[PDB]
Amino acid sequence: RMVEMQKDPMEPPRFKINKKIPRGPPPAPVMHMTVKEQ
Amino acid sequence: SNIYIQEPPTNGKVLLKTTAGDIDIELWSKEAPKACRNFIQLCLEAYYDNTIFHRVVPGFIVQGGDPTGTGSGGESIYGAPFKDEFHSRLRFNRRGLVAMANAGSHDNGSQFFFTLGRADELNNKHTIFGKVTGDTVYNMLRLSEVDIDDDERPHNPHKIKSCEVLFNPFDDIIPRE
Amino acid sequence: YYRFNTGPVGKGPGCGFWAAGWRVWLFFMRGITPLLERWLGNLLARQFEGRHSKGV
Amino acid sequence: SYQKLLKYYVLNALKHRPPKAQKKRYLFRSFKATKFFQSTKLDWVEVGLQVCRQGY
Amino acid sequence: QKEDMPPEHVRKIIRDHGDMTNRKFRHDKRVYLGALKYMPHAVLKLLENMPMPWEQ
Amino acid sequence: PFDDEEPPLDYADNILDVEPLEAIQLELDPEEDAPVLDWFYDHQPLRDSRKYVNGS
Ligand SMILES: O=P(O)(O)O[C@H]1[C@H](OP(=O)(O)O)[C@@H](OP(=O)(O)O)[C@H](OP(=O)(O)O)[C@@H](OP(=O)(O)O)[C@H]1OP(=O)(O)O
């Protein structure tokens, strides 16, 4: 029998979220010079 | 134009006639009915007559109330050491306080002591049943002027010659014979 | 005070008749309450959750 | 002072939008229905003392 | 219904916890702090129920 | 009314025991003011009366 635990309404945010971790990394294929121009 | 001093109003008054002069004690019988009942009845019973002050610690306390004068004696009106009574409004911030000596909790005897100064370490330990009135204060302090011999005992200890109860807050006190 | 101290009664200290003043602070409190809930809420949340890192 | 009280009077009357939108949310009923709060009855004075201690 | 309790219960709780400086109390320190958010609410309800000068 | 270093009072230790000391009141005429006179200075005058008010 699952029961949801009662939360104390005057309880502050329990734990700290601020921590920051670098953005995660397949490329679709692209399918898309003269000397003088260079 | 305000200088505040907070303390609950007292009730009852008792006169102690000592070799050091008169001492007026205003009692709190609302806060400490047990020890003030004990004190009033023991005064009415002549139990404190010719009882010395056997312990003087310079600038700390002067102790008396033992009929035997040894300091380990004395008994209450209740046939046993009675309970301690404490209040946040009664503290030791000063000399001029009249409190109950004990060897521990609920140990209260007939022995009592006057505060020669501040004791913050006796808080929530000894019960405060009274205070000495300013006019008579110096006389209390003369109780503390002695040449002190071994084990905090004066060579010529001051005595309580008699007792007068000036105002008795209790209706029902019957002195024992 | 003007109306109260009308006749024999002088400029002296003793006039009780608060009801009015009392009202005023209650109106104040009615409004300020939600403000303080929101501000103190944030204060607590910063205290416990942490000042947000990103300044996003 | 009489002039200023009229100014408050009139401004309130001018300003008087209806609520304009309404919610019947209840706070003490939510708090009271939850086990962390209990209810009783005390001397007002006694509560006042309790609140000051709590705030301290 | 949340039947009300003996008044001495709340009296004693606060008196026990009077300063939540006791080593034993610990976890109230976090809980108590959390409430601060609703303290102004409490104040407003306190004040609006003052007793009037004809009531003892 | 009290010093900063003076801690707040336990209601139960001082206040609870003590009398309430007379309120302001007024000397209503037994004759002329009789209708009003029995309940005039009670807290919520006619709370228990199915004649005068709705009810609780
Ligand atoms: O007569 P009182 O009962 O002592 O009232 C005085 C006084 O009122 P009146 O002078 O009108 O009689 C002050 O007036 P002023 O001295 O400033 O002319 C007034 O001052 P305000 O004009 O700022 O109200 C002052 O209050 P305060 O002493 O803060 O200035 C207030 O007495 P309270 O201080 O008792 O209000």
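A short reminder: the numbers here are calculations on the coordinates, not readings from a lab. Positions of Cβ are backbone-derived with ideal geometry, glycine not excepted, and every protein chain shown enters the neighbour counts.
The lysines whose alpha-carbon is closer than 25 Å to the alpha-carbon of B:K131, local same-chain residues fewer than 8 away aside, are B:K13, B:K17, B:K30, B:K34, B:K83, B:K159, B:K161.
Taking every residue in C:40-49 and counting other chain Cβ atoms within 10 Å of its Cβ, the average works out to 5. Residues B:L16, F:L9 in ascending order of nearby Cβ atoms (within 10 Å, fewest first): F:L9, B:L16.
Share of pairwise Cα-Cα distances greater than 13 Å in chain F is 75 percent (whole percent).
Within chain E, the longest segment free of exposed loop sites, counting trypsin sites (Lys or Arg not before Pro) that fall outside DSSP classes H, G, I, E and B and have at most 14 other Cβ atoms within 10 Å, spans E:27-56. The translational diffusion coefficient of region B:1-105, from Stokes-Einstein at 25 °C and 0.890 mPa s with a Kirkwood hydrodynamic radius over alpha carbon pairs, comes to 159 µm²/s. Value of Rg to Rh for region C:1-49, rounded to two decimals, is 1.41; Kirkwood radius and Rg both from alpha-carbon coordinates. Would you be so kind as to identify which of D:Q22, D:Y8, D:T34 lies farthest towards the positive end of the dipole of chain D, taking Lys and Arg as +1 and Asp and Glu as -1 on Cβ and the Cα centre as origin? About the Cα centre, the residue reaching furthest to the positive side is D:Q22.
Spin-label pair F:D48-D:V10: with each label point 7 Å from Cα along the Cα-Cβ axis, the two points sit 5.2 nm from one another. Net charge in the neighbourhood of B:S105 (other residues with Cβ under 9 Å of its Cβ; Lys, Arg +1, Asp, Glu -1) is 0. Charges were assigned to the Cβ only: +1 to each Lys and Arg, -1 to each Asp and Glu. The resulting dipole of region C:1-54 about its Cα centre is roughly 140 debye. Rounded to the nearest 20, the Cβ-based charge dipole of region B:1-175 about its Cα centre (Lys and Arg +1, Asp and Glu -1) stands at 400 debye. Taking trypsin sites (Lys or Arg not before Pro) in DSSP loop conformation with at most 11 other Cβ atoms inside 10 Å as exposed sites, chain B has its longest uninterrupted site-free stretch at B:1-93.
Hand me the trypsin sites (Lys or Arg not before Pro) from chain F located in a DSSP loop with no more than 12 other Cβ atoms within 10 Å, in residue order please. Answer by residue number: F:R50, F:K51. When the GluC sites (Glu not before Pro) in region B:50-122 are filtered for DSSP coil states and for at most 13 other beta-carbon atoms within 10 Å of their beta-carbon, the remaining sites are B:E121. Can you give the helix-only mean residue ellipticity at 222 nm for the protein assembly as shown, where every DSSP H stretch with n ≥ 4 adds -39500 (n - 2.57) and the sum goes over all residues, rounded to the nearest 500 deg cm²/dmol? That comes out to -8000 deg cm²/dmol. Taken over the protein assembly as shown, the convex hull of the Cα atoms encloses 469 Å³ per residue. For chain B, the alpha carbon convex hull comes to 121 Å³ per residue, rounded to a whole number. For region C:19-56, trypsin sites (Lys or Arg not before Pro) are listed when DSSP marks them as loop and at most 16 other Cβ atoms sit within 10 Å of their Cβ; the list is C:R51, C:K54.
What is the sum of charges, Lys and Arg at +1 and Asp and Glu at -1, for the other residues whose Cβ falls under 11 Å from the Cβ of B:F82? It works out to a net charge of -1. Tally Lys/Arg at +1 and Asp/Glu at -1 over every other residue whose Cβ is under 15 Å from the Cβ of C:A19; what's the total? Around C:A19, the charge tally is 0. Compactness of chain E was expressed as the Cα radius of gyration divided by 2.2 N^0.38 Å, which yields 1.49.
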